[PDB]
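Read through the structure below, which is laid out as structure tokens, and then see the notes.
These values consider heavy atoms only, across backbone and side chains, with no hydrogens, waters or symmetry-generated copies. The sequence lines fix the lettering, A, B, ..., with proteins before strands; numbering per chain opens at 1.
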Amino acid sequence: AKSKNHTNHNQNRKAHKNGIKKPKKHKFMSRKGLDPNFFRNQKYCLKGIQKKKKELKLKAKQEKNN
Amino acid sequence: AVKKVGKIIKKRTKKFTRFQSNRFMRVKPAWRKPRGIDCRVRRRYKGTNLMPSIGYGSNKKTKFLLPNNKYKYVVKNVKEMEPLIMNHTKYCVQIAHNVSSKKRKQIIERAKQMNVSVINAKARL
Amino acid sequence: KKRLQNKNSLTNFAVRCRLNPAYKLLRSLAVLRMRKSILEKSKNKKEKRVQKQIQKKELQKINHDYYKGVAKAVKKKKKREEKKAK
Amino acid sequence: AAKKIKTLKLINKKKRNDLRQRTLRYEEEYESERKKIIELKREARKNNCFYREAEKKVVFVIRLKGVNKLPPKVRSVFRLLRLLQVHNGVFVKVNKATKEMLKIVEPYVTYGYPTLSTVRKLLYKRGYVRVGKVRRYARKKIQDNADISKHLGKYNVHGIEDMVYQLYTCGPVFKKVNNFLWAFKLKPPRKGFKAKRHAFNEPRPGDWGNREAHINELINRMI
Amino acid sequence: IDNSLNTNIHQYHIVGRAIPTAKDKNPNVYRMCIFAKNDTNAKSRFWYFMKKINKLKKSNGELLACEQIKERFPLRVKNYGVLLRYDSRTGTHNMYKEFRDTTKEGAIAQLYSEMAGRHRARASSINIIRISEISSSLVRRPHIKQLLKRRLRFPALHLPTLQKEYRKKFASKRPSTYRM
Amino acid sequence: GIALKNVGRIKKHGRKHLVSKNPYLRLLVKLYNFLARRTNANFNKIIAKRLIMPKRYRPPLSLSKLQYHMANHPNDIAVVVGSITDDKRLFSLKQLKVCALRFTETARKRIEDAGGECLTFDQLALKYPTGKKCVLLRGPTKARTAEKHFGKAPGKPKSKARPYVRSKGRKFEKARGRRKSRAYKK
Amino acid sequence: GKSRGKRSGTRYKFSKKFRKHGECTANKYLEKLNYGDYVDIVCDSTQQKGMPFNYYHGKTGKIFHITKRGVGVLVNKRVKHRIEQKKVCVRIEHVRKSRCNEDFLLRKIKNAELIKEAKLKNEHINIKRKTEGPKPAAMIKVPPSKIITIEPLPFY
RNA sequence: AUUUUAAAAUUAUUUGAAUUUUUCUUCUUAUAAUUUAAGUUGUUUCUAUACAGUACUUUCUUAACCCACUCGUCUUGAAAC
RNA sequence: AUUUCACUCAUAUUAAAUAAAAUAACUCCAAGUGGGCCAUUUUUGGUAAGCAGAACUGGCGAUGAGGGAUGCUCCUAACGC
Ligand SMILES: [Mg+2]
Ligand SMILES: [Mg+2]
Ligand SMILES: [Mg+2]
Ligand SMILES: [Mg+2]
Ligand SMILES: [Mg+2]
Ligand SMILES: [Mg+2]
Ligand SMILES: [Mg+2]
Ligand SMILES: [Mg+2]
Ligand SMILES: [Mg+2]
Ligand SMILES: [Mg+2]
Ligand SMILES: [Mg+2]
Ligand SMILES: [Mg+2]
Ligand SMILES: [Mg+2]
Ligand SMILES: [Mg+2]
């Protein structure tokens, strides 16, 4: 009628069977809920940079064909 | 017990009999693998029947040779033994069980002309 | 390549010289210096003594002094402790 | 072409001559160091001083126990020292880090300091090599010098006496030379042990300690 | 020459000190004399006593000499007096004992056997202090005084000790123990 | 005994042979195995491996995406180990040279009408033995619908997996567990 | 019944040390932090806002968010067969600039000049650290008067 | 059917230098042979001047020496009273 | 903050040592299991127990071989012919 009710015998043997896994160490993370009013400005900065870069690319495509 | 004649080596000669086949006559001697808890043959206790294993296997270079030191091919009529005219020093023939005496005489006298040996050239005579 | 018998690299002369291209010279030198000695028996084992008189008598005083000092210090400790007991 | 042969045959000859010269130099080095140590002590006794000798830099370690019933930290160190079964033996460089790795497993091993002729006997009678691409190695017994030069001659070691030199003295090429060799597999000793249970420095018959120069006697019997 | 009569005990002379530091740069130098089976055991005992008596552990010390003192007159007979200290089952004690031999370690070997036989004291519970030679007029024990009379004589009363080859198991006449 | 893992034996983790029984595919496998071995080129090794994969790892490629991939590579050859299909959304096509395992009828007609050509792999073995001026391309391998059900279970927070449902509508699994008004959302 | 509350078992961990009670100093509020810095979490129990949980006391992580008076930290934690990354949001009083990284920075700054000189004179120098090792031989001079003989002691 | 090659060792004639001063002293600085290289070869006798014999191969039967609890099942645990 | 451009940081001994470290990483589809017990060391209730309840390792279960006369768990040591 009465039986066992707790132990953790054997538990880390199973844990170390397939090693202790680490996180995957990515390069970028998502800035979803992070500091507002600083990343909206960053979006504006990157839009300006992209406009300049693509204007130069279009210009070069315009001269090179004469 | 190892038996060796020339280059042929046999790693054992006794059969692997089934467990308990000497005590119960409803149990046939053909080997079956013991399964089921508490066997003493499955658990490799000393003093009981041994189990077969891949370790007793024969040499690849001498795996199917007879003491004649030739391979055996079984023929049923004359036309089947014509591929032996190119490989007569490595093969020997044996005549099948259900061929008649008249057919056997011809098979034997052709094997004699081809210089191939016959394993059972004494039956039905 | 097919594997062959493995030859004893210390007792087989051909493979020993194959692996060590300088072993023949060293063995020859050792053999020469070994024969020279035995050809000078009843003429060796004499000079050894006359030079042992040359240098061992010089080393003897130093060794004797060293061991004498060690024994004397060991005795001094004993007397110093025995007197301390009372 | 046929000229493909003559140049190779000349290169082999010059390589052999260079190996001979280097071996002679090694012999001179051994003799000179042996004779310098033997007078520095004799001079120390004259001038009322002591001469403390340099410590060793190399050990040779032998496993004493089987593979069952061991704590995990012992198994990790055995894996890192490349001792895998009962009577295996390897060389180890002496550091502050290897010493602390070695204290973990001391009650299961015995080790000490090897001489020159012991290194030579181990290399000639029980020397095996790893031959192949990386991670596929095919243990081969030495029998020749071409396998050594192919893998390891970029560091100017073409021969077997060169590895003896780099092992008996921790030369600049020691990690590669030592990692090049398969772990040694040894017989049981010829007159048995005393008691593996107990230590070498216990007042009883025992084995498992560090026995400094008495390792040569043991490994000549279980060669 | 006869390896069935040898004991494995020798004597050693070991010298040590501590590694010099910025606070201490002329540390004390210590010496001892130990009886052991080989020099490795002697070094073990040296560091044991350095740690117990002084504050010197091996891992911040350094050794300076190990010499193995030999015996000068190995065929003359001496008298020896030993001072002991050993642990019993219910305490710790200390004793003085006397032996007769031709070498100091030849006497230390006797001492270990006597202390096992008479008291069941293992080698790990025994510390040896101050082996020394003593004159014949200052001997204290009765069993040493016996042997230094003017004219020592006695008959030989042991049973024979024969070779294994002439130890024939099944004899034809029952032998005698008299041998005069 | 000895303390090794997977005792002394090395593990490999993929397909080893053809499963298919097309005799022509078996001849192709033999040919490119020989080419891979006798000229270790890294171009014939990859091809010898790719034409062993199962169907799901040889997806089709559309005409428009093929033309997009070859825009900066005029007078070169595109190599695909799948089928290529037509695309009605393109208005015009350029001149292209393409080797592929299969072409559909409409795609084959469109390619040849613009002055291009279609090649099989046994011709590419005969003209470009080591793949000079050739570009290896693949189609989208995770665009199959079955891959939309894999990943985290639908129900774990912020997952994207589709569920398996009889049909779709307001009455089919939209009430409790997908909106705040019935006790929680996802 | 079982009692697993939020601050259970924090009697000695979350209490001020001897003769060191009181709130923080004024210079605590002038510390400089940037994104990606290393940081230590040490709970200060005189400020009850932004209190970290029991487990994350004494751990080290990297910054991923900065606010008016708070900091977000990335900390590892082991869960039964794997390590999970946790995002801990604490107030500024329970945050300390980490010191675990200073030897690397001093080493880089110092070795830069050595490399600059070595390449200036065309040399082959080693800059990797060195494990402590065996010692060379030396001749140690000691007068026979300074050696003292010692022997085991009798029992009292 | 072309890595049982190359090299190495040996022996007998050689082309030159050393040193350890020599019937195993070194350095393939020229040709021939041999194996110690490059995993066993030879000589006599018997079976026998046989055709199934008491010899050889093989299958049964019966001894000796050592060893061997009744299978299947549920069970932490079965030879189980 | 980001975007460009210029200059420059050991490497062949690898920014400390050691490593039959890629026998790695990831995705898919599924089985059996979810009554346990024992030993050294720490440890709660009980006068105690071959009693009841926990912790870290190693075992027995799922496992035979040599030894302890004998013995599921002790010592040596794990298994092709
Ligand atoms: Mg059979
Ligand atoms: Mg069972
Ligand atoms: Mg014994
Ligand atoms: Mg034990
Ligand atoms: Mg095995
Ligand atoms: Mg707390
Ligand atoms: Mg039931
Ligand atoms: Mg069960
Ligand atoms: Mg029950
Ligand atoms: Mg049963
Ligand atoms: Mg019963
Ligand atoms: Mg159940
Ligand atoms: Mg077991
Ligand atoms: Mg008993």
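Residue G/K128 is classed as a sugar-phosphate contact, given heavy-atom separations below 4.0 Å to backbone atoms only. Across all strands shown, D/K96 has no heavy atoms under 4.0 Å from either base or sugar-phosphate atoms. Contacts of A/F39 with the nucleic acid, taken as non-hydrogen atoms under 4.0 Å apart, are absent. Backbone-only engagement by A/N8 is indicated by non-hydrogen atom pairs under 4.0 Å involving sugar-phosphate atoms exclusively. A/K24 comes within 4.0 angstrom of sugar-phosphate atoms only, judged by non-hydrogen atoms across all strands, and of no base. Counting any heavy atom pair closer than 4.0 Å across all strands shown, D/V77 reaches no nucleic acid atom.
B/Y56 and B/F16 have their aromatic ring centers within a separation under 6.0 angstrom.
Rounded to whole Å, the separation between the P atoms of H/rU23 and H/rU11 comes to 14 Å. Spacing between H/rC74 and I/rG34 at atom P, rounded to whole Å, works out to 13 Å. Rounded to whole Å, the separation between the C1' atoms of I/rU42 and I/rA78 comes to 31 Å. Distance noted for atom P between H/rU45 and H/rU40: 28 Å (whole Å). For the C1' atoms, the distance from I/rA22 to I/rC28 is 23 Å, rounded to whole Å. A distance of about 9 Å separates the P atoms of H/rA79 and I/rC72, rounded to the whole Å. I/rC38 and I/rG61 have their P atoms separated by 15 Å, with the value rounded to a whole Å.
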**Prompt:** When you look at C/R35 and C/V31, which way does the side chain to side chain contact (heavy atoms under 4.5 Å, CB included) test go after all the steps?
**Reply:** CA-CA 6 Å; C/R35 315 147 78 226; C/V31 171; 3.8 Å; yes
**Asked** Between B/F19 and B/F24, does a ring-ring contact (aromatic ring centres under 6.0 Å, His included) hold up when you go through it step by step?
**Response** CA-CA 10 Å; B/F19 181 50; B/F24 295 97; 9.8 Å; no
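Taking the centre and axis of the six-membered ring of D/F78, the NZ or CZ atom of D/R63 falls inside the cone set by 45° and 6.0 Å.
Summary of the strand contacts: D/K93 and A/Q42 both lie near RNA chain I, and taking for each the nucleotide with the nearest heavy atom, the more 5' one is attributed to A/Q42. Checking B/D38 against C/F13, the closest nucleotide of RNA chain H that is more toward the 5' end is the one next to C/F13. Take the nearest nucleotide of RNA chain I for D/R75 and for A/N5: the residue whose nucleotide is more 5' is A/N5.
Base stacking of I/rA24 on I/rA25: present (ring centres under 5.5 Å, plane angle under 30°). No stacking contact links strand neighbours I/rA12 and I/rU13 by the limits of base ring centres under 5.5 angstrom apart and planes under 30 degrees.
Going from atom CZ of F/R56 over to atom CZ of F/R144 covers 6.0 Å, rounded to the nearest 0.5 Å. For the atom pair CD1 (D/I142) and CG (D/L181), the distance works out to 6.0 Å, reported to the nearest 0.5 Å.
Closest approach to the C/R35 side chain among H/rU75, H/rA38, H/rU22 is made by H/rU22 (side chain taken as heavy atoms from C-beta onward).
Ion pair G/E113/G/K116 not flagged as a salt bridge, since none of the NZ, NE, NH1 or NH2 atoms sits closer than 4.0 Å to an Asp/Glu carboxylate oxygen. Electrostatic pairing of D/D18 and D/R22 does not count as a salt bridge here, judged by no charged N lying under 4.0 Å from a carboxylate O.
Where RNA chain I meets chain G (any atom under 4.0 Å from a heavy atom), the bounding nucleotides read 5' to 3' are I/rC9 to I/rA17.
Sugar pucker annotation for I/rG46: north, assigned from a positive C1'-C2'-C3'-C4' dihedral.
The shortest distance between the side-chain N/O atoms of C/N20 and the OP1/OP2 oxygens of H/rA8 is not below 4.0 Å.
Taking each heavy atom of D/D147 and D/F180 in turn, the nearest pair found is O-CZ, 4.1 Å. A pairwise comparison of heavy atoms in G/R78 and A/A15 identifies NH2-CB, 4.0 Å as the closest pair.
Listed by residue number, the members of residues 1-23 of chain B with any heavy atom below 4.0 angstrom from RNA chain H are B/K3, B/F19, B/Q20, B/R23.
For the strand RNA chain H, secondary-structure stems (runs of at least three Watson-Crick or G-U pairs, all distances below 3.5 Å) span H:8-10 with H:33-35.
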